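K.L.:
Structure file model-v4.txt (compact mmCIF, C-alpha atoms and all ligand atoms) right here:
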# COMPACT_ATOMS: atom_id res chain seq x y z
CA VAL A 3 -28.12 -6.55 -17.22
CA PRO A 4 -26.57 -7.39 -13.83
CA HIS A 5 -22.96 -7.84 -14.95
CA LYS A 6 -20.42 -9.78 -12.87
CA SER A 7 -16.73 -10.40 -13.57
CA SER A 8 -14.98 -12.88 -11.31
CA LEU A 9 -11.45 -12.05 -10.15
CA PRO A 10 -10.03 -15.19 -8.43
CA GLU A 11 -6.52 -13.83 -7.94
CA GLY A 12 -7.82 -10.43 -6.83
CA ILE A 13 -6.38 -7.16 -8.11
CA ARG A 14 -3.24 -5.20 -7.41
CA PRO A 15 -1.97 -1.66 -7.81
CA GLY A 16 -1.88 -1.08 -11.54
CA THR A 17 -5.18 -2.80 -12.27
CA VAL A 18 -7.54 -0.81 -14.52
CA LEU A 19 -11.29 -1.45 -14.83
CA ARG A 20 -12.64 0.18 -17.99
CA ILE A 21 -16.41 0.40 -18.25
CA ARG A 22 -18.21 1.69 -21.30
CA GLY A 23 -21.89 2.05 -21.76
CA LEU A 24 -24.92 4.24 -22.24
CA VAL A 25 -27.05 6.00 -19.65
CA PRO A 26 -30.55 5.44 -20.99
CA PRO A 27 -33.17 8.18 -21.12
CA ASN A 28 -35.00 8.28 -17.75
CA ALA A 29 -32.22 6.40 -15.90
CA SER A 30 -32.33 7.07 -12.18
CA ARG A 31 -29.04 5.54 -11.01
CA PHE A 32 -26.56 2.71 -11.40
CA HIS A 33 -23.58 1.25 -9.59
CA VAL A 34 -20.24 -0.49 -9.85
CA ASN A 35 -19.36 -2.64 -6.81
CA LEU A 36 -16.00 -4.20 -6.00
CA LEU A 37 -17.01 -7.05 -3.71
CA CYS A 38 -14.96 -9.37 -1.52
CA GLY A 39 -16.96 -12.49 -2.31
CA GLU A 40 -19.67 -13.94 -4.54
CA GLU A 41 -22.36 -14.30 -1.89
CA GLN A 42 -25.09 -11.99 -0.71
CA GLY A 43 -23.98 -9.50 1.90
CA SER A 44 -20.30 -9.74 0.93
CA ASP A 45 -18.13 -6.79 1.98
CA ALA A 46 -17.76 -4.03 -0.62
CA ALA A 47 -14.36 -2.45 -0.98
CA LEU A 48 -15.99 0.08 -3.27
CA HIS A 49 -19.54 1.08 -4.04
CA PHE A 50 -19.51 3.65 -6.90
CA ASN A 51 -23.02 5.01 -7.29
CA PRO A 52 -23.78 7.69 -9.90
CA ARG A 53 -27.26 9.07 -9.16
CA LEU A 54 -28.83 10.86 -12.12
CA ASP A 55 -32.04 11.44 -10.14
CA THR A 56 -30.31 13.45 -7.39
CA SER A 57 -27.40 14.67 -9.49
CA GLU A 58 -24.45 13.37 -7.48
CA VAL A 59 -22.00 10.47 -7.27
CA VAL A 60 -21.67 8.62 -4.00
CA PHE A 61 -18.68 6.46 -3.00
CA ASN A 62 -18.85 4.12 0.02
CA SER A 63 -17.74 0.76 1.42
CA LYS A 64 -19.71 -1.97 3.23
CA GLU A 65 -18.27 -4.09 6.02
CA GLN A 66 -20.01 -6.71 8.16
CA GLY A 67 -23.27 -5.74 6.57
CA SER A 68 -22.94 -2.10 7.53
CA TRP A 69 -22.13 0.97 5.37
CA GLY A 70 -19.31 3.40 6.06
CA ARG A 71 -19.41 7.14 5.67
CA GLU A 72 -20.25 8.30 2.13
CA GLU A 73 -17.87 10.42 0.03
CA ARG A 74 -19.25 12.55 -2.82
CA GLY A 75 -17.62 13.72 -6.00
CA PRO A 76 -18.05 17.13 -7.68
CA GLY A 77 -21.40 16.76 -9.46
CA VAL A 78 -22.56 13.94 -11.77
CA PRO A 79 -20.32 13.47 -14.84
CA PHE A 80 -22.96 11.39 -16.68
CA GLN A 81 -26.00 12.48 -18.69
CA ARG A 82 -29.12 10.66 -19.68
CA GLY A 83 -29.02 9.77 -23.37
CA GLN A 84 -25.21 9.92 -23.56
CA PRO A 85 -22.48 7.24 -23.70
CA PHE A 86 -19.62 7.28 -21.21
CA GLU A 87 -16.30 5.69 -20.42
CA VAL A 88 -15.18 5.15 -16.86
CA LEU A 89 -11.73 4.03 -15.72
CA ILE A 90 -11.44 2.79 -12.13
CA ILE A 91 -7.72 2.52 -11.43
CA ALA A 92 -6.28 0.72 -8.41
CA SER A 93 -3.25 2.40 -6.86
CA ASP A 94 -1.37 1.80 -3.64
CA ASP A 95 -3.42 4.37 -1.72
CA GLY A 96 -6.81 4.24 -3.40
CA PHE A 97 -9.02 4.00 -6.44
CA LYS A 98 -8.88 6.79 -8.96
CA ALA A 99 -12.13 7.30 -10.84
CA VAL A 100 -11.60 8.84 -14.28
CA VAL A 101 -14.69 9.76 -16.30
CA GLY A 102 -14.15 10.66 -19.94
CA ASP A 103 -10.74 12.40 -20.02
CA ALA A 104 -10.55 13.74 -16.49
CA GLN A 105 -9.83 12.52 -12.99
CA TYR A 106 -13.16 12.77 -11.20
CA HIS A 107 -12.43 11.53 -7.65
CA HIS A 108 -9.91 9.57 -5.52
CA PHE A 109 -11.30 7.09 -2.99
CA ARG A 110 -8.73 6.05 -0.43
CA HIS A 111 -8.72 2.32 0.39
CA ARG A 112 -10.82 1.18 3.35
CA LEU A 113 -10.51 -2.60 2.88
CA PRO A 114 -7.44 -4.49 1.67
CA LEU A 115 -7.15 -4.44 -2.12
CA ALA A 116 -6.21 -8.14 -1.88
CA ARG A 117 -9.65 -9.11 -0.67
CA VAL A 118 -11.51 -7.97 -3.82
CA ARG A 119 -12.81 -11.00 -5.73
CA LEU A 120 -15.69 -9.72 -7.86
CA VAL A 121 -16.82 -6.73 -9.93
CA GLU A 122 -20.55 -6.19 -10.35
CA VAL A 123 -22.27 -3.47 -12.44
CA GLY A 124 -26.02 -3.00 -12.16
CA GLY A 125 -28.81 -0.48 -12.16
CA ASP A 126 -30.13 1.80 -14.92
CA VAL A 127 -27.31 1.48 -17.39
CA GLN A 128 -26.93 -0.22 -20.78
CA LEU A 129 -23.45 -1.69 -20.80
CA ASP A 130 -21.28 -1.75 -23.91
CA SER A 131 -18.32 -3.54 -22.21
CA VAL A 132 -16.45 -4.12 -18.96
CA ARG A 133 -12.72 -4.89 -19.36
CA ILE A 134 -10.08 -5.47 -16.66
CA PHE A 135 -6.43 -4.80 -17.47
CA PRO B 4 8.53 15.10 -31.28
CA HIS B 5 5.87 15.44 -28.55
CA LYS B 6 7.27 15.58 -24.99
CA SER B 7 5.17 15.47 -21.80
CA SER B 8 7.10 15.99 -18.59
CA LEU B 9 6.34 14.10 -15.37
CA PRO B 10 7.83 16.02 -12.46
CA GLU B 11 7.34 13.64 -9.49
CA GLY B 12 7.53 10.69 -11.87
CA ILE B 13 5.06 7.85 -12.05
CA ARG B 14 4.06 5.05 -9.73
CA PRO B 15 1.97 1.89 -9.73
CA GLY B 16 -1.44 3.00 -10.97
CA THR B 17 -0.21 5.66 -13.35
CA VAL B 18 -1.96 5.28 -16.69
CA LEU B 19 -0.76 6.73 -19.98
CA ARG B 20 -3.46 7.12 -22.64
CA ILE B 21 -2.35 7.81 -26.20
CA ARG B 22 -4.72 8.38 -29.09
CA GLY B 23 -3.82 8.98 -32.71
CA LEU B 24 -3.72 7.66 -36.25
CA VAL B 25 -1.09 5.66 -38.10
CA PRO B 26 -0.44 7.65 -41.32
CA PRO B 27 -1.16 5.66 -44.55
CA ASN B 28 2.55 5.36 -45.42
CA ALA B 29 3.81 4.90 -41.86
CA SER B 30 7.07 3.09 -41.31
CA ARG B 31 7.24 3.09 -37.49
CA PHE B 32 6.74 5.27 -34.41
CA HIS B 33 7.63 5.08 -30.77
CA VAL B 34 6.67 5.96 -27.19
CA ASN B 35 9.64 6.49 -24.85
CA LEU B 36 9.64 6.77 -21.01
CA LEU B 37 12.96 8.48 -20.26
CA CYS B 38 14.86 9.20 -17.05
CA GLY B 39 16.05 12.60 -18.21
CA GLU B 40 15.47 15.55 -20.54
CA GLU B 41 18.98 15.45 -22.00
CA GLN B 42 19.34 13.59 -25.29
CA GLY B 43 20.59 10.02 -25.09
CA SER B 44 19.04 9.71 -21.64
CA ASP B 45 18.22 6.25 -20.21
CA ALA B 46 14.89 4.75 -21.25
CA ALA B 47 12.80 2.74 -18.75
CA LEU B 48 10.64 1.74 -21.69
CA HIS B 49 10.82 1.95 -25.49
CA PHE B 50 7.59 0.81 -27.21
CA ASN B 51 8.25 0.67 -30.95
CA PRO B 52 5.58 -0.52 -33.43
CA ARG B 53 7.30 -1.26 -36.76
CA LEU B 54 4.76 -1.39 -39.62
CA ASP B 55 7.47 -1.84 -42.25
CA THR B 56 8.90 -5.05 -40.67
CA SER B 57 5.59 -6.08 -39.01
CA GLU B 58 6.69 -6.31 -35.37
CA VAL B 59 6.29 -4.39 -32.11
CA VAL B 60 9.55 -4.06 -30.21
CA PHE B 61 9.99 -3.33 -26.51
CA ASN B 62 13.35 -2.41 -24.99
CA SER B 63 15.17 -0.30 -22.42
CA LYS B 64 18.34 1.77 -22.77
CA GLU B 65 20.90 1.99 -20.03
CA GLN B 66 24.08 4.05 -20.16
CA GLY B 67 23.70 4.52 -23.90
CA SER B 68 23.17 0.90 -24.93
CA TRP B 69 19.96 -0.85 -25.84
CA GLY B 70 19.05 -3.86 -23.71
CA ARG B 71 17.57 -7.21 -24.74
CA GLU B 72 14.72 -6.76 -27.22
CA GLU B 73 11.29 -8.11 -26.42
CA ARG B 74 8.52 -8.53 -28.98
CA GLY B 75 4.78 -8.60 -28.63
CA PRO B 76 2.64 -11.05 -30.61
CA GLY B 77 2.17 -9.51 -34.03
CA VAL B 78 1.21 -5.95 -34.88
CA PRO B 79 -2.08 -4.62 -33.50
CA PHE B 80 -1.63 -1.49 -35.65
CA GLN B 81 -2.69 -0.76 -39.26
CA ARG B 82 -1.74 2.07 -41.62
CA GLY B 83 -4.52 4.62 -42.16
CA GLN B 84 -6.15 3.42 -38.91
CA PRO B 85 -6.77 5.31 -35.61
CA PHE B 86 -5.66 3.73 -32.37
CA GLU B 87 -5.79 4.03 -28.61
CA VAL B 88 -2.96 2.73 -26.44
CA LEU B 89 -2.82 2.43 -22.66
CA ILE B 90 0.55 2.03 -20.95
CA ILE B 91 -0.20 1.05 -17.35
CA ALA B 92 2.46 1.12 -14.69
CA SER B 93 2.20 -1.52 -11.98
CA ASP B 94 4.60 -2.92 -9.38
CA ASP B 95 6.15 -5.48 -11.74
CA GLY B 96 6.15 -3.76 -15.12
CA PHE B 97 4.31 -1.83 -17.78
CA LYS B 98 1.14 -3.32 -19.24
CA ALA B 99 0.63 -2.28 -22.83
CA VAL B 100 -3.00 -2.34 -23.90
CA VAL B 101 -3.90 -1.79 -27.56
CA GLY B 102 -7.57 -1.51 -28.38
CA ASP B 103 -9.59 -3.80 -26.12
CA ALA B 104 -6.81 -6.14 -25.14
CA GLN B 105 -3.65 -6.54 -23.15
CA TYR B 106 -0.88 -6.70 -25.75
CA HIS B 107 2.27 -7.28 -23.68
CA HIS B 108 3.64 -7.04 -20.13
CA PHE B 109 7.10 -5.46 -19.95
CA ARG B 110 8.76 -6.15 -16.62
CA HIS B 111 10.75 -3.34 -14.99
CA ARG B 112 14.42 -3.06 -15.84
CA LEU B 113 15.05 0.45 -14.46
CA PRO B 114 13.59 2.03 -11.29
CA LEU B 115 10.12 3.41 -11.89
CA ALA B 116 11.13 6.43 -9.78
CA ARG B 117 13.73 7.49 -12.37
CA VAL B 118 11.03 8.10 -15.01
CA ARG B 119 10.90 11.84 -15.81
CA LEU B 120 9.56 12.22 -19.32
CA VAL B 121 7.21 10.74 -21.93
CA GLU B 122 8.05 11.09 -25.61
CA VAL B 123 6.08 10.16 -28.67
CA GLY B 124 7.77 10.36 -32.06
CA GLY B 125 8.11 8.75 -35.46
CA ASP B 126 5.40 8.30 -38.09
CA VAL B 127 2.30 8.97 -36.04
CA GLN B 128 -0.64 11.42 -36.09
CA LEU B 129 -1.11 12.34 -32.43
CA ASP B 130 -4.57 13.25 -31.17
CA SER B 131 -3.86 13.37 -27.44
CA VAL B 132 -1.57 12.10 -24.69
CA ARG B 133 -3.15 12.06 -21.21
CA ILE B 134 -1.64 10.89 -17.91
CA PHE B 135 -3.96 9.60 -15.16
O1 LIG A 201 -23.77 4.83 0.97
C1 LIG A 201 -24.19 4.06 -0.14
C2 LIG A 201 -25.56 3.49 0.10
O2 LIG A 201 -26.43 4.61 0.37
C3 LIG A 201 -27.79 4.24 0.64
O3 LIG A 201 -28.50 5.41 0.84
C4 LIG A 201 -28.38 3.47 -0.55
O4 LIG A 201 -29.70 3.05 -0.25
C5 LIG A 201 -27.51 2.24 -0.86
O5 LIG A 201 -28.01 1.56 -2.01
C6 LIG A 201 -26.06 2.68 -1.11
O6 LIG A 201 -25.98 3.48 -2.29
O1 LIG A 202 15.80 -2.35 -29.73
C1 LIG A 202 15.33 -1.01 -29.78
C2 LIG A 202 16.12 -0.17 -30.76
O2 LIG A 202 16.43 -1.01 -31.89
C3 LIG A 202 17.27 -0.36 -32.86
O3 LIG A 202 17.51 -1.24 -33.89
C4 LIG A 202 16.57 0.87 -33.42
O4 LIG A 202 17.42 1.53 -34.34
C5 LIG A 202 16.21 1.81 -32.27
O5 LIG A 202 15.50 2.93 -32.78
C6 LIG A 202 15.35 1.06 -31.25
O6 LIG A 202 14.13 0.64 -31.86
In structure tokens, write the structure found in this file.
Ligand SMILES: OC[C@H]1O[C@@H](O)[C@H](O)[C@@H](O)[C@H]1O
Ligand SMILES: OC[C@H]1O[C@@H](O)[C@H](O)[C@@H](O)[C@H]1O
P.N.:
Amino acid sequence: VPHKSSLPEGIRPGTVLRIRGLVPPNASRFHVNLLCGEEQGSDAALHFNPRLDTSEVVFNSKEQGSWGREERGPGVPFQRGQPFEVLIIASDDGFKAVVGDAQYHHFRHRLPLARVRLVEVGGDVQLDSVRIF
Amino acid sequence: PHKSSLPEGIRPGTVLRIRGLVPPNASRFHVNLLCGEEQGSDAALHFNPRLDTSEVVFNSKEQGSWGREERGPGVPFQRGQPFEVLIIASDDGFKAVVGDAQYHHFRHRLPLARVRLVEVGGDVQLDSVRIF
């Protein structure tokens, strides 16, 4: 299910994205994108890409159709056949990624938080819910 | 009377996650964000679910006196039931989330930078209190 949540007014420091779901057996990878528009090729303030097939999580941004330098977190905190809960929290200096009870990584802002207009979740994941507080 | 200290306070983006159960014969419990360890210290936020009178009260305490009470819509808590609460600090206030929904937005009355301690007390069965 390619999930999309529209955020007309954008987000601000103090915004929390909570994503719950299940990593199916044989999943290769999935992603959570914070995009700056609803069209194809829109800039991505955040590309959060857990890769079960290569065992790592990649963070990146996309601007003018071109990717920035990837950041990687300490191992993959997801497992095939197991549910998970991810909190992506917007702060003044970056996005904190919390995976089930522990801070996993901090991704410093590359694009203005104010330009984020859409959240998309896709890939090999079976979503329970996506809530924005 | 669970106390979790926050040296270097909290800022926009700080998230408080509280998990526990409301005892079967619970009257009320509270979550306080205080500006000091000493008793009677100022409270930037007082979140007080009252199961006896069926109302959730929000308030602050400055120089010993309670401020103007604010109430959320109804009581999202039930006796004998487990719960998860998120208190999110932003630039304009604290967002209280109960379950899967935003319950109330309490706008700042005291400086966020004066927040030094979190306290959870009253009739509540605490599972965990995590700060992100
Ligand atoms: O840097 C992030 C990008 O890395 C590429 O290797 C991948 O094909 C893209 O889908 C995206 O994940
Ligand atoms: O308004 C907040 C305060 O209200 C009082 O009536 C109560 O005794 C205090 O414990 C606190 O809840």
K.L.:
Using all atoms listed in the file, which protein or nucleic acid residues come within 10 Å of residue 48 in chain B? Drop anything in the same chain fewer than 5 positions from it, and give the result as a VMD selection string.
P.N.:
chain B and resid 34 to 38 61 to 64 96 to 97 109 to 113 115 118 121
K.L.:
Taking all atoms listed in the file into account, which of A:130, A:55, A:87, A:95 comes nearest residue 19 in chain A?
P.N.:
A:87
K.L.:
Figure out the distance between CA of residue 54 in chain A and CA of residue 17 in chain B, please, to one decimal in Å.
P.N.:
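The value is 29.1 Å.
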K.L.:
Could you please determine the separation between CA of residue 57 in chain A and atom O4 of ligand LIG 201 (chain A) in Å, to one decimal place?
P.N.:
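About the pair CA of residue 57 in chain A and atom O4 of ligand LIG 201 (chain A): they are 15.0 Å apart.
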K.L.:
Can I get the residues of chain B within 8 Å of chain A, each with the closest pair of atoms and their distance in Å to one decimal, using all atoms listed in the file, sorted chain first then ascending number, as CSV?
P.N.:
residue,atom,partner,partner_atom,distance
B:15,CA,A:16,CA,5.2
B:16,CA,A:16,CA,4.1
B:17,CA,A:16,CA,7.2
B:91,CA,A:16,CA,6.4
B:92,CA,A:16,CA,5.8
B:93,CA,A:16,CA,4.1
B:94,CA,A:15,CA,6.9
B:98,CA,A:135,CA,7.9
B:100,CA,A:135,CA,7.7
B:103,CA,A:133,CA,7.5
B:104,CA,A:135,CA,7.8
B:105,CA,A:135,CA,6.6
B:133,CA,A:103,CA,7.7
B:135,CA,A:105,CA,6.9
K.L.:
Which polymer residues, protein or nucleic acid, are no farther than 12 Å from (7.9, -0.8, -38.5), counting all atoms listed in the file, as an NGL selection string?
P.N.:
:B and (25 or 28-33 or 50-60 or 77-82 or 125-127)
K.L.:
Kindly indicate which residue among A:59, A:115, A:88, A:121 lies nearest to ligand LIG 201 (chain A), using all atoms listed in the file for the distances.
P.N.:
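Among the listed residues, A:59 lies closest to ligand LIG 201 (chain A).
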K.L.:
I'd like the box whose edges run along x, y and z of the file and which contains every listed atom of range 23-42 of chain B, padded by 4 Å per side; could you state its centre and edge lengths in Å, one decimal, as JSON?
P.N.:
{"center_x": 7.8, "center_y": 9.3, "center_z": -31.2, "size_x": 31.2, "size_y": 20.5, "size_z": 36.4}
K.L.:
Give me the residues near residue 82 in chain A as a list in words, where near means some atom within 7 Å (using only C-alpha atoms) and where sequence neighbours in that chain fewer than 5 positions away do not count.
P.N.:
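What passes the distance filter is residues 25, 26, 27, 28 and 29 of chain A.
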K.L.:
Between atom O1 of ligand LIG 202 (chain A) and CA of residue 72 in chain B, what is the distance, to one decimal in Å?
P.N.:
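Distance reported for this atom pair: 5.2 Å.
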K.L.:
For residue 72 in chain A, which residue out of A:35, A:51, A:42, A:7 is the nearest one, using only C-alpha atoms?
P.N.:
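Looking only at the distances to residue 72 in chain A, the closest residue turns out to be A:51.
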K.L.:
Please identify all polymer residues within 10 Å of residue 63 in chain A, counting all atoms listed in the file, omitting same-chain residues fewer than 3 positions from it, and present them as a PyMOL selection string.
P.N.:
chain A and resi 35-37+45-50+67-73+111-113
K.L.:
Counting only C-alpha atoms, which residue out of B:9, B:120, B:21, B:47 sits closest to residue 132 in chain B?
P.N.:
B:21
K.L.:
So, with all atoms listed in the file as the atoms that count, which of B:20, B:6, B:74, B:14 lies closest to ligand LIG 202 (chain A)?
P.N.:
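Among the listed residues, B:74 lies closest to ligand LIG 202 (chain A).
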K.L.:
Between B:46, B:19, B:24, B:123, which one has atoms that come closest to residue 85 in chain B, using all atoms listed in the file?
P.N.:
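Residue with the minimum atom-to-atom distance to residue 85 in chain B: B:24.
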K.L.:
Need the shell around residue 120 in chain A: protein/DNA/RNA residues with any atom at most 8 Å away, counting only C-alpha atoms. Skip same-chain ones fewer than 6 positions apart. Format as a ChimeraX atom specification?
P.N.:
/A:6-10,12,36-40
